[PDB]
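Undergrad: Sharing a structure below in structure tokens format, with a few things to ask.
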Amino acid sequence: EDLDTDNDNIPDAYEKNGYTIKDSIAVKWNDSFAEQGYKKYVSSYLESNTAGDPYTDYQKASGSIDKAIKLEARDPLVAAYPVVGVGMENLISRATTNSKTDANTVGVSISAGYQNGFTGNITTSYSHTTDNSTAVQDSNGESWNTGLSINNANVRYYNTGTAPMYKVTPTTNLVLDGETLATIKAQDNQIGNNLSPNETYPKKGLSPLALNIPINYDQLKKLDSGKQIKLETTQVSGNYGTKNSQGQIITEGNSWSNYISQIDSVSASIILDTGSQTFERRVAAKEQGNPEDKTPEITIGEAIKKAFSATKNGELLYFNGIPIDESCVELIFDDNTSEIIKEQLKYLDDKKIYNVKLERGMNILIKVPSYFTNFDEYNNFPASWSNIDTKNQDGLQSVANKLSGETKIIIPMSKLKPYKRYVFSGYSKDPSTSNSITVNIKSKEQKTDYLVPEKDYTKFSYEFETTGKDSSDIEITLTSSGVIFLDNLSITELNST
Amino acid sequence: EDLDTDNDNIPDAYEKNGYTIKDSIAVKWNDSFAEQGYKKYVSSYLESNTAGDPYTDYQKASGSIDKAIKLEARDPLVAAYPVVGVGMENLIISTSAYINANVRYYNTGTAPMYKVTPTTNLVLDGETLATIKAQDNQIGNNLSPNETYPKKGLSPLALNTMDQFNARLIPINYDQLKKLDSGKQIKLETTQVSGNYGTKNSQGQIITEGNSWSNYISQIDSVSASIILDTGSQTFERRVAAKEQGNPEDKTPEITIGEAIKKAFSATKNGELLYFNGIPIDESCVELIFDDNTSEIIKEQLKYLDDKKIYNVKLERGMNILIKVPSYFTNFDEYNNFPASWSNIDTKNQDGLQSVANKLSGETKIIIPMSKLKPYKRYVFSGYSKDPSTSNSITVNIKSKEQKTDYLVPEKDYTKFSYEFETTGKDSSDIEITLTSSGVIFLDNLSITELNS
Amino acid sequence: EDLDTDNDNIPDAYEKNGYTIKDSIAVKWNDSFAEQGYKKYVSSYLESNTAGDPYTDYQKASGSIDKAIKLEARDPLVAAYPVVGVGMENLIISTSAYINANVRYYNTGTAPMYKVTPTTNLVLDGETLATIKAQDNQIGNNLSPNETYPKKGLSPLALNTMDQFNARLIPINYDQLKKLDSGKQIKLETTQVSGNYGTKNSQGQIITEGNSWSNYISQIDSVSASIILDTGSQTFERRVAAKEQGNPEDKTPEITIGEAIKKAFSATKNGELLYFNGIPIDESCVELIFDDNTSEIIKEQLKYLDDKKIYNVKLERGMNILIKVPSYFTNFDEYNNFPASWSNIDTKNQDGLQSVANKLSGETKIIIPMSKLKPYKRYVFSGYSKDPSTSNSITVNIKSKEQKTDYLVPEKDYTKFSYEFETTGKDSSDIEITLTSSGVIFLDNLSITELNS
Ligand SMILES: [Ca+2]
Ligand SMILES: [Ca+2]
Ligand SMILES: [Ca+2]
Ligand SMILES: [Ca+2]
Ligand SMILES: [Ca+2]
Ligand SMILES: [Ca+2]
Ligand SMILES: [Ca+2]
Ligand SMILES: [Ca+2]
Ligand SMILES: [Ca+2]
């Protein structure tokens with residue numbers, strides 16, 4: 001019970017069934033350590049570094065590594081990985097804001113009905129967080145050509161990873177929405193000495209970092225007609241902190257380029273966006289062919305909670321006081337990822353996504369709803385639903401709203417964003433199999449569609465554009481032919497037009 | 001009791017309950033040692049650097065570190081940190097055109113920073129004109145705590161290089177000077193600083209070549225709570241370590257805000273009052289300012305604590321704090337710096353916070369000249385009010401850029417009130433402050449505090 | 001009793017009670033060794049370096065250091081601080097324009113500095129034109145204490161190199177040349193100096209490459225008191241270690257100011273008289289100039305000491321002391337350098353400071369020519385008077401740019417008096433100094449010294 005094959009100061013028996021660190025030694029995990037705040041760790045007993053990151057299984061579990069690393073990376077299965085980028089601020093004479101998911105959700109196809117079991121979507125242009133596309137806010141309608149009519153860059157580096165990056169020298173190119181111009185590099189005075197997780201260089205409250213190119217008349221027209229400029233990142237070279245026997249943290253020589261193709265090839269990317277700040281986590285997983293491989297196999301639900309440090313109250317996931325269970329989030333998978341998920345779902349009795357295994361190579365994106373209401377404990381709609389009744393016990397989680405007649409919901413434009421397209425999400429139920437549902441949208445895109453609830457809840461998805469700050473109000477019509485059950489209704493924000 | 005988990009030459013029993021170093025060996029803390037001048041240290045027995053700073057708990061307690069390190073940085077809870085800023089002394093621009101800037105670096109932390117090469121930003125209005133890094137001409141070989149480079153009595157160094165090997169400042173086009181003539185000024189902010197620190201090696205020398213502070217800025221910032229003390233002319237910035245919220249294996253000691261301020265500045269305490277350099281920093285004698293997150297935590301923590309004082313809240317990880325001593329302070333006991341005496345004041349009382357109170361029968365009026373007031377500045381009037389009757393209404397009339405007329409409801413016990421007003425112009429109308437009382441009211445610790453303009 | 005806490009080959013019993021080095025090993029101090037020249041050394045037993053400089057207490061005491069270090073730096077309580085500053089000797093202005101300067105580095109410390117790289121500021125009036133760091137052409141390989149680079153007899157090295165490698169120095173516009181024609185001079189000051197020290201490796205050869213002085217500058221300054229001596233034509237800076245006030249764990253020896261001057265200059269003492277190199281530097285025979293902190297510190301400490309002698313006050317960390325030998329000093333015993341003889345002087349006395357005083361009955365008037373005087377300079381009148389009667393008032397009439405007429409009330413015992421006046425213009429009115437006494441007064445140790453312009 002003391003044998004150590006990999007020699008990482010963790011006995012093999014403890015490492016395969018569960019262990020935790022007390023007083024800098026490994027102890028066998030027990031059910032009684034939960035209420036004390038302890039966590040349960042499981043890793044691979046054949047590898048010193050299960051995740052691939054520079055820090056071994058013992059250094060991460062015991063925390064004997066950098067203190068600027070998130071607690072999320074102390075799990076042996078979660079890789080410490082500084083996913084960084086460049087955020088465009090000034091266009092030179094007009095500022096812009098930057099969307100980290102515009103270039104991902106632009107390639108998502110949305111229909112009305114959905115196939116059984118599966119409740120996500122499909123993306124054809126999956127991209128990471130380093131793939132940054134802007135959205136100009138000071139463009140009030142006048143063209144960029146106005147002002148000269150004759151035929152520099154202020155940026156701010158952003159981190160969304162888990163581990164700090166020292167000596168940050170990002171490399172980007174001016175892709176000018178269709179053709180690259182210059183593969184700019186920041187050499188001597190634009191280098192960030194340190195870049196902590198969920199922080200930018202310069203820190204909040206300082207003027208934008210300036211980096212120091214022709215533009216043709218043709219790009220001027222296209223930029224003035226429904227196009228935006230983005231500054232994609234090809235690579236970023238940094239360093240990281242390593243302890244010593246002398247005790248100093250040495251971050252010269254150590255690179256975040258040696259381990260990147262090691263971390264990347266063994267970890268399954270999981271991404272979550274709260275609408276204001278974006279996170280990217282890598283979770284280790286095992287390849288099917290190799291029998292000697294010993295990386296533990298855990299569900300997505302365990303992978304979600306171990307990556308974003310959520311809380312498992314009951315059976316639903318809470319992240320910073322927000323429900324992030326599989327029912328009130330939007331999952332946007334890539335092509336083969338959905339093939340793996342859909343193929344695995346036929347044999348599962350529970351038929352819930354968060355209970356399926358996790359394999360290396362999948363690209364899961366989680367997009368939290370903008371406004372979501374479940375009639376149970378949480379609501380953030382600025383106006384409540386009309387004709388709300390809770391005298392029920394047939395809800396998806398706790399209780400559903402008896403849609404018998406008509407319910408009106410209204411939300412002003414100021415609570416939304418201009419030049420956007422949304423997704424209407426919810427679940428419907430009607431055991432009678434004799435009542436239909438028709439819905440019409442009061443917006444700049446007006447459409448009416450029919451649908452019928454089934455025995456149990458099923459997801460329905462509807463979309464509409466919101467373009468123009470100074471426009472009319474938004475009203476949604478929910479008409480029921482009889483006794484209709486509704487629960488877990490939400491709306492989201494997709495790409496920008 | 002001879003164990004040593006973390007290998008830092010301090011037994012875990014002595015490290016957990018209180019210890020001090022006598023003749024380069026650690027001994028158990030005894031309460032009779034405070035009379036010999038010794039201090040009581042408490043630290044965490046699972047970490048070699050409790051604060052994340054380069055020097056371990058043993059080196060910080062025994063004082064075997066750089067001799068320029070302040071004595072309040074010898075606490076294993078306070079982090080040795082250079083907080084280096086660049087202050088602009090003059091600006092020169094002339095003829096296209098050439099701009100020349102004179103700067104003088106300022107250090108405020110508790111550690112010297114050798115070989116400083118700060119990175120500064122040149123910004124006019126939103127746009128960062130240039131991000132300049134220090135060359136060989138402009139590198140400060142030393143910067144002692146609370147000192148400047150060049151030192152006092154010396155001309156500041158000029159900053160006029162794009163790149164290495166003799167480059168020159170130059171605006172790109174005439175647009176900058178065209179808008180410069182409009183009446184716009186240039187600010188100066190630093191994005192980052194690079195320097196060294198010294199460690200006495202095995203050969204007895206001090207090496208500052210394989211060392212840098214950049215390795216520890218991120219670590220210090222993530223395990224410590226920022227605390228600032230402002231004395232009007234001088235500024236101080238410290239960092240005090242604190243335990244993680246939901247961490248079972250974290251052993252960083254829990255201390256209160258008042259104790260941490262005593263530790264981080266080495267301010268003496270004569271029983272209850274806290275004095276730094278003869279200037280009180282007591283809870284009621286100073287105005288505390290917090291950010292968004294810090295205010296929420298204290299308010300939540302207050303309702304569960306019986307004393308209901310700010311200084312008794314257990315310190316946590318991550319808050320931001322600011323302490324600004326009021327510019328003009330009256331307490332009717334030992335300090336009255338107001339240029340003009342107050343009206344209708346009665347010192348015969350015994351119900352004040354410390355020694356006496358001021359019973360007011362009617363109203364109090366004060367005339368403040370603008371001679372000693374900083375023009376184009378924002379000020380906040382502060383004081384304590386007590387009324388056992390709780391049946392008198394108090395209105396305030398303050399003359400400023402906009403006249404302020406507000407009502408105040410006194411409480412049973414002493415309560416702190418804050419009123420903000422803005423005054424613009426040195427040669428403007430005289431500032432008038434008026435307060436009236438329906439009956440008899442008590443006054444103590446009345447102050448006017450400077451704030452950002 | 002061979003305990004060694006610091007492990008510097010000096011047992012704690014010796015280092016606390018006094019020790020001296022015999023045959024390169026330490027032996028207990030015995031009072032009979034004074035006649036043979038053996039000196040008494042005392043230092044702190046909790047630190048390898050008591051003074052903080054690169055060399056230990058053993059190496060400083062036993063002399064196993066660089067042979068170019070002065071003798072008085074071999075004291076364990078005196079640090080080996082090199083104070084290097086540049087000397088701006090000449091100007092060359094010609095075409096904007098081009099500037100050329102000749103400078104000569106100076107050393108006035110106790111230890112040499114190898115590979116000197118000064119940093120120089122060219123300040124005209126408020127603005128700083130450019131900051132210059134030493135090039136490979138102007139890096140001085142060697143610099144002995146109380147010496148120069150280049151050595152005496154060689155022309156100064158030119159200063160026309162703007163930046164690294166070499167580019168011609170140039171004023172940026174015509175504006176500074178415009179005000180230069182008005183009569184504005186250009187000043188040069190030293191912001192910093194970077195240099196190496198010299199230690200021996202395990203193989204016996206002096207290696208000076210990786211060792212740098214900029215490390216041991218902050219440490220030595222913040223652990224030692226600042227002492228300066230000016231001998232009229234030269235200056236000598238010395239820094240002496242002093243204990244911390246409130247530390248209970250610091251065991252640094254405490255010495256009087258009088259002994260501090262004796263150690264820091266190796267000044268010989270024949271009982272009470274102190275000689276630097278034949279020039280007396282006794283407290284009564286020289287006047288001292290202090291800063292703010294030392295002025296209030298010294299006054300408070302006097303009233304607790306009966307003798308009331310400056311040289312008998314303990315040295316504490318941080319004080320700044322300046323010693324300026326009197327340029328014109330007469331004592332009527334063995335020295336009188338005044339060009340003109342005094343009036344109404346009687347040497348028949350036995351109540352003087354040392355042997356005799358001046359039995360003045362009436363008034364004394366002196367005529368001082370401008371042949372041996374510096375125009376546009378300030379001088380301070382110093383001397384001692386004794387009047388046991390305490391019934392005669394003395395008024396002084398000193399001619400200067402502003403005529404000075406002040407009254408003096410001498411005390412029963414000997415008292416020092418200070419009077420300030422300014423001399424302007426070489427071809428100006430003759431300076432008249434006259435003092436009158438109501439009765440018979442005693443005078444001794446009359447001094448005149450030069451101050452800043
Ligand atoms: Ca193992
Ligand atoms: Ca392992
Ligand atoms: Ca429910
Ligand atoms: Ca320990
Ligand atoms: Ca420790
Ligand atoms: Ca009181
Ligand atoms: Ca010793
Ligand atoms: Ca020693
Ligand atoms: Ca005499």
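Ligands are numbered from 1 in the order shown, chains are lettered A, B, ... in the order of the structure tokens, and residues start at 1 in each chain.
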Hey, which residues sit close to ligand 9? Say within 9 Å, counting only C-alpha atoms and all ligand atoms, and write them as a PDB file with C-alpha atoms, in the first residue's frame.
TA:
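Full text of result18.pdb as output:
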```pdb
ATOM      1  CA  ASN C 331      43.612  81.573  21.114  1.00  0.00           C
ATOM      2  CA  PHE C 332      46.419  83.790  22.527  1.00  0.00           C
ATOM      3  CA  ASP C 333      48.273  80.599  23.535  1.00  0.00           C
ATOM      4  CA  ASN C 349      45.519  85.797  32.716  1.00  0.00           C
ATOM      5  CA  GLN C 350      44.961  82.318  34.123  1.00  0.00           C
ATOM      6  CA  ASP C 351      41.201  81.824  33.581  1.00  0.00           C
ATOM      7  CA  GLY C 352      41.319  80.815  29.912  1.00  0.00           C
ATOM      8  CA  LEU C 353      39.882  77.740  28.259  1.00  0.00           C
ATOM      9  CA  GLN C 354      43.272  75.996  28.239  1.00  0.00           C
ATOM     10  CA  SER C 355      46.044  78.198  29.711  1.00  0.00           C
ATOM     11  CA  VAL C 356      45.254  81.939  29.479  1.00  0.00           C
ATOM     12  CA  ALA C 357      42.443  84.270  28.436  1.00  0.00           C
ATOM     13  CA  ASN C 358      42.274  87.853  27.155  1.00  0.00           C
ATOM     14  CA  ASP C 444      39.478  83.107  24.441  1.00  0.00           C
ATOM     15  CA  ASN C 445      39.284  81.055  21.237  1.00  0.00           C
TER      16      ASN C 445
END
```
Undergrad: Counting only C-alpha atoms, what is within 8 Å of residue 164 (chain A), bar same-chain residues fewer than 6 positions away, as a count of residues only?
TA: 9
Undergrad: At a cut-off of 9 Å around ligand 2, and using only C-alpha atoms and all ligand atoms, what residues come up? Please write them as an MDAnalysis selection string.
TA: chainID A and resid 4:12 15 43:50 56:58 76
Undergrad: Hey, can you spit out that residue selection with C-alpha atoms as a JSON list (two decimals), in the first residue's frame?
TA:
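Result file is out_23.json:
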```json
[["chain", "number", "residue", "atom", "x", "y", "z"],
["A", 4, "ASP", "CA", 5.00, 4.34, -5.84],
["A", 5, "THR", "CA", 5.47, 3.49, -9.51],
["A", 6, "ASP", "CA", 5.81, 7.06, -10.82],
["A", 7, "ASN", "CA", 7.68, 8.36, -7.73],
["A", 8, "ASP", "CA", 5.55, 11.44, -7.02],
["A", 9, "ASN", "CA", 5.22, 10.94, -3.23],
["A", 10, "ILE", "CA", 1.71, 9.47, -3.57],
["A", 11, "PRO", "CA", 1.10, 5.73, -2.99],
["A", 12, "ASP", "CA", -0.55, 4.11, -5.98],
["A", 15, "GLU", "CA", -4.01, 7.81, -6.21],
["A", 43, "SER", "CA", -5.22, 11.28, -10.73],
["A", 44, "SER", "CA", -3.16, 8.79, -12.74],
["A", 45, "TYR", "CA", -0.76, 6.52, -10.88],
["A", 46, "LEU", "CA", 1.64, 6.03, -13.81],
["A", 47, "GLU", "CA", 2.44, 9.69, -14.60],
["A", 48, "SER", "CA", 4.10, 12.37, -12.50],
["A", 49, "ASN", "CA", 2.09, 15.06, -14.34],
["A", 50, "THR", "CA", -1.44, 13.92, -15.20],
["A", 56, "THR", "CA", 3.30, 17.53, -10.76],
["A", 57, "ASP", "CA", 0.38, 15.76, -9.12],
["A", 58, "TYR", "CA", 1.78, 16.41, -5.65],
["A", 76, "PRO", "CA", -4.49, 17.25, -10.66]]
```
Undergrad: As a PyMOL selection string, please: every protein or nucleic acid residue near ligand 5 (cut-off 12 Å, counting only C-alpha atoms and all ligand atoms).
TA: chain B and resi 4-16+19+41-52+55-61+75-77+250-253
Undergrad: Store the residues picked out above, limited to C-alpha atoms, as a compact mmCIF listing (two decimals), in the first residue's frame.
TA:
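Heads up, here's the output in part.txt:
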```
# COMPACT_ATOMS: atom_id res chain seq x y z
CA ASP B 4 9.39 21.35 11.85
CA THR B 5 6.91 20.73 9.04
CA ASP B 6 7.86 23.59 6.72
CA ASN B 7 11.65 23.63 7.34
CA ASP B 8 12.00 27.24 8.47
CA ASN B 9 13.89 26.83 11.77
CA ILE B 10 10.78 27.59 13.85
CA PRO B 11 8.99 24.80 15.76
CA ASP B 12 5.33 24.40 14.87
CA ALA B 13 4.32 24.79 18.51
CA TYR B 14 6.23 28.08 18.74
CA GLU B 15 4.98 29.13 15.29
CA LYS B 16 1.30 28.56 16.11
CA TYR B 19 7.20 33.46 19.34
CA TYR B 41 5.07 37.31 16.14
CA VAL B 42 2.49 34.85 14.82
CA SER B 43 2.73 33.03 11.49
CA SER B 44 1.61 29.96 9.55
CA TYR B 45 3.40 26.66 10.11
CA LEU B 46 2.82 25.21 6.62
CA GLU B 47 4.54 27.86 4.49
CA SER B 48 8.13 29.10 4.34
CA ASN B 49 7.06 32.57 3.15
CA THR B 50 3.84 33.44 4.94
CA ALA B 51 3.34 36.65 2.96
CA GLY B 52 4.77 35.39 -0.34
CA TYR B 55 12.42 36.25 2.68
CA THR B 56 11.19 33.41 4.88
CA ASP B 57 9.60 33.65 8.31
CA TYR B 58 12.91 33.07 10.10
CA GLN B 59 14.74 35.78 8.16
CA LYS B 60 11.94 38.30 8.73
CA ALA B 61 11.67 37.60 12.47
CA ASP B 75 6.45 40.83 10.84
CA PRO B 76 5.93 37.48 9.06
CA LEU B 77 2.44 38.76 8.18
CA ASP B 250 -4.43 27.40 5.09
CA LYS B 251 -2.98 28.53 8.43
CA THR B 252 -2.44 32.26 7.94
CA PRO B 253 -3.42 33.88 11.26
```
Undergrad: Would you please extract all strand (DSSP E or B) residues from region 167-355 of chain B, as assigned by DSSP on the backbone, and give them as number ranges by chain?
TA: B: 187-192, 196, 199-200, 206-207, 224-230, 235-241, 256, 268-270, 273-275, 280, 287-290, 314, 320-324, 328-330, 336
Undergrad: Can I get the selection written as a short mmCIF file (atom, residue, chain, number, x, y, z; two decimals), in the first residue's frame, with N, CA and C atoms?
TA:
```
data_model
loop_
_atom_site.label_atom_id
_atom_site.label_comp_id
_atom_site.auth_asym_id
_atom_site.auth_seq_id
_atom_site.Cartn_x
_atom_site.Cartn_y
_atom_site.Cartn_z
N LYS B 187 -0.86 63.97 -18.59
CA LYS B 187 -0.70 63.21 -17.36
C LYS B 187 0.50 62.27 -17.51
N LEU B 188 0.78 61.53 -16.44
CA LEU B 188 1.86 60.55 -16.46
C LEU B 188 1.50 59.42 -15.51
N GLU B 189 1.37 58.22 -16.04
CA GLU B 189 1.09 57.04 -15.25
C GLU B 189 2.05 55.93 -15.65
N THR B 190 2.39 55.09 -14.69
CA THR B 190 3.31 53.98 -14.90
C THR B 190 2.52 52.69 -14.99
N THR B 191 2.81 51.88 -16.00
CA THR B 191 2.17 50.59 -16.14
C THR B 191 2.87 49.50 -15.34
N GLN B 192 4.20 49.55 -15.26
CA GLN B 192 4.97 48.51 -14.61
C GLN B 192 6.34 49.06 -14.25
N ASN B 196 15.38 44.91 -8.76
CA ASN B 196 16.04 43.78 -8.15
C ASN B 196 15.82 43.79 -6.64
N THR B 199 19.90 39.25 -1.72
CA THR B 199 19.94 38.10 -0.83
C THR B 199 21.39 37.77 -0.49
N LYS B 200 21.69 37.72 0.80
CA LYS B 200 23.04 37.41 1.27
C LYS B 200 23.33 35.94 0.98
N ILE B 206 26.21 40.33 -1.01
CA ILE B 206 24.82 40.60 -1.37
C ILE B 206 24.74 40.63 -2.89
N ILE B 207 23.93 39.75 -3.46
CA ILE B 207 23.79 39.64 -4.91
C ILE B 207 22.42 40.16 -5.31
N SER B 224 -2.53 38.79 0.10
CA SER B 224 -2.41 39.89 1.05
C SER B 224 -3.52 40.91 0.81
N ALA B 225 -3.84 41.65 1.87
CA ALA B 225 -4.86 42.68 1.84
C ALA B 225 -4.20 44.05 1.80
N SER B 226 -4.55 44.85 0.80
CA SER B 226 -3.94 46.16 0.62
C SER B 226 -4.43 47.12 1.68
N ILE B 227 -3.50 47.86 2.29
CA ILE B 227 -3.81 48.90 3.26
C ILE B 227 -2.98 50.12 2.93
N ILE B 228 -3.61 51.29 2.94
CA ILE B 228 -2.95 52.56 2.65
C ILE B 228 -3.16 53.49 3.83
N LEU B 229 -2.12 54.26 4.17
CA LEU B 229 -2.24 55.36 5.11
C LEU B 229 -1.80 56.64 4.42
N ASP B 230 -2.65 57.65 4.46
CA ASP B 230 -2.36 58.94 3.85
C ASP B 230 -2.22 59.99 4.93
N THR B 235 2.50 59.44 1.47
CA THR B 235 1.61 58.31 1.24
C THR B 235 2.35 57.02 1.57
N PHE B 236 1.65 56.07 2.18
CA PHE B 236 2.24 54.79 2.52
C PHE B 236 1.33 53.66 2.05
N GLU B 237 1.93 52.59 1.54
CA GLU B 237 1.20 51.47 0.98
C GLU B 237 1.83 50.17 1.46
N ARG B 238 1.05 49.35 2.16
CA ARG B 238 1.53 48.10 2.73
C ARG B 238 0.66 46.96 2.22
N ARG B 239 1.04 45.74 2.59
CA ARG B 239 0.31 44.53 2.21
C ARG B 239 0.38 43.55 3.37
N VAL B 240 -0.77 43.13 3.88
CA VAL B 240 -0.84 42.25 5.04
C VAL B 240 -1.48 40.93 4.62
N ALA B 241 -0.80 39.83 4.92
CA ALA B 241 -1.27 38.51 4.51
C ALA B 241 -2.53 38.11 5.28
N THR B 256 -7.56 41.42 13.27
CA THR B 256 -8.54 42.45 12.97
C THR B 256 -7.90 43.59 12.19
N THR B 268 2.40 52.91 17.65
CA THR B 268 2.27 52.56 19.06
C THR B 268 0.83 52.75 19.54
N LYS B 269 0.45 51.97 20.54
CA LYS B 269 -0.87 52.02 21.13
C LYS B 269 -0.73 52.20 22.64
N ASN B 270 -1.21 53.34 23.15
CA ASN B 270 -1.18 53.61 24.58
C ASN B 270 -2.51 53.22 25.23
N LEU B 273 -5.82 54.24 22.37
CA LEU B 273 -5.55 55.18 21.29
C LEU B 273 -4.35 54.72 20.48
N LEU B 274 -4.40 54.98 19.17
CA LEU B 274 -3.38 54.52 18.23
C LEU B 274 -2.75 55.74 17.57
N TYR B 275 -1.46 55.94 17.79
CA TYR B 275 -0.73 57.08 17.25
C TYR B 275 0.44 56.58 16.40
N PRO B 280 -3.03 61.09 15.54
CA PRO B 280 -3.96 59.99 15.83
C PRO B 280 -4.44 59.30 14.57
N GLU B 287 -11.01 59.36 8.72
CA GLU B 287 -12.06 59.02 7.76
C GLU B 287 -11.59 57.89 6.87
N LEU B 288 -12.28 56.76 6.92
CA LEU B 288 -11.92 55.58 6.15
C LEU B 288 -12.72 55.53 4.86
N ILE B 289 -12.04 55.15 3.78
CA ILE B 289 -12.64 55.05 2.45
C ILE B 289 -12.38 53.64 1.93
N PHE B 290 -13.40 53.04 1.33
CA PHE B 290 -13.32 51.68 0.84
C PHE B 290 -13.84 51.62 -0.59
N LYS B 314 -12.58 41.07 11.36
CA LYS B 314 -11.49 40.17 11.01
C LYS B 314 -11.03 40.42 9.58
N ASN B 320 -9.60 46.35 -0.41
CA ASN B 320 -8.85 47.58 -0.61
C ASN B 320 -9.28 48.58 0.45
N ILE B 321 -8.32 49.24 1.09
CA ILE B 321 -8.59 50.17 2.17
C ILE B 321 -7.78 51.43 1.95
N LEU B 322 -8.33 52.57 2.36
CA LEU B 322 -7.64 53.85 2.33
C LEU B 322 -7.90 54.58 3.65
N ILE B 323 -6.86 55.23 4.17
CA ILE B 323 -6.94 55.96 5.43
C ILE B 323 -6.38 57.35 5.20
N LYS B 324 -7.23 58.37 5.31
CA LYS B 324 -6.82 59.76 5.13
C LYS B 324 -7.06 60.51 6.44
N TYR B 328 -8.11 69.28 8.95
CA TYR B 328 -8.36 70.10 10.12
C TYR B 328 -9.14 69.29 11.14
N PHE B 329 -8.61 69.20 12.36
CA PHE B 329 -9.16 68.33 13.39
C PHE B 329 -9.38 69.13 14.67
N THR B 330 -10.58 69.03 15.23
CA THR B 330 -10.86 69.55 16.56
C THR B 330 -11.51 68.45 17.39
N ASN B 336 -6.73 71.58 18.37
CA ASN B 336 -7.65 72.51 17.71
C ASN B 336 -6.83 73.28 16.68
#
```
Undergrad: Show which residues sit within 9 Å of residue 391 (chain A), as a ChimeraX atom specification. Count only C-alpha atoms, and ignore same-chain residues fewer than 5 positions away.
TA: /A:399-402
Undergrad: Could you write out that same residue set with N, CA and C atoms as a short mmCIF file (atom, residue, chain, number, x, y, z; two decimals), in the first residue's frame?
TA:
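This went into selection.cif:
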```
data_model
loop_
_atom_site.label_atom_id
_atom_site.label_comp_id
_atom_site.auth_asym_id
_atom_site.auth_seq_id
_atom_site.Cartn_x
_atom_site.Cartn_y
_atom_site.Cartn_z
N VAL A 399 -41.52 23.29 -9.57
CA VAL A 399 -42.90 23.63 -9.88
C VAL A 399 -42.91 24.35 -11.22
N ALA A 400 -43.96 24.11 -12.00
CA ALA A 400 -44.13 24.71 -13.32
C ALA A 400 -45.29 25.70 -13.31
N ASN A 401 -45.30 26.57 -14.31
CA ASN A 401 -46.35 27.57 -14.47
C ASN A 401 -47.43 27.01 -15.39
N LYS A 402 -48.67 26.99 -14.90
CA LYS A 402 -49.78 26.43 -15.66
C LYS A 402 -50.22 27.39 -16.75
#
```
Undergrad: Quick one: pull the distance between CA of residue 263 (chain C) and CA of residue 72 (chain C), Å, one decimal.
TA: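 CA of residue 72 (chain C) lies 6.5 Å from CA of residue 263 (chain C).
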Undergrad: At a cut-off of 7 Å around ligand 3, and using only C-alpha atoms and all ligand atoms, what residues come up? Please write them as a count of residues only.
TA: 10
Undergrad: Going by DSSP on the backbone, which bits of region 180-392 of chain A are alpha helix (DSSP H)? Write them as a PyMOL selection string, please.
TA: chain A and resi 217-224+260-266+300-308+335-344
Undergrad: Got a sec: who's within 9 Å of residue 425 (chain C), counting only C-alpha atoms, leaving out chain neighbours fewer than 4 positions off, as number ranges by chain?
TA: C: 374-377, 401, 429
